[PDB]
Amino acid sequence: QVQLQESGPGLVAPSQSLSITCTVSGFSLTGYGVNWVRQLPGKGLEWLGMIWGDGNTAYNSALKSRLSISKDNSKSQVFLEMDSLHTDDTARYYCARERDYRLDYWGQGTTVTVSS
């Protein structure tokens, strides 16, 4: 059964750091890619980055210097970390499995509100 479940901090103050966890079930992280996508309130999807099965990573050009993606194959967890939060970082964050040019399974997302 493939399952992706994101857990995040909920509200966080601006300038802090954020860490989101994508826990995956039913498949192996060495075999698939994991992409991170966010959805700003009332707007569309924004591609953040991904980590391939081999550990290589890629990131959105605009946010690259504030993002890090990593994973623990033994814990079956993918992490997203973002520095120097802005209030406009408020959004729903999603992890999605990639296979053969498609994001076939998605988590339900975690909402992050940047506020103080």
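Counting begins at 1, following the sequence as shown.
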Between 102-110 and 14-22, name whichever shows the higher mean Cα B factor according to the PDB entry. 14-22
Quick check: 58-66 versus 41-49, which has the larger average CA B-factor in the record? 58-66
Options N35, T30, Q77, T90 - largest CA temperature factor per the record: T30
Would you please rank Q1 by its C-alpha temperature factor against the other modelled residues of its chain and give the third it falls in: lowest, middle or highest? highest
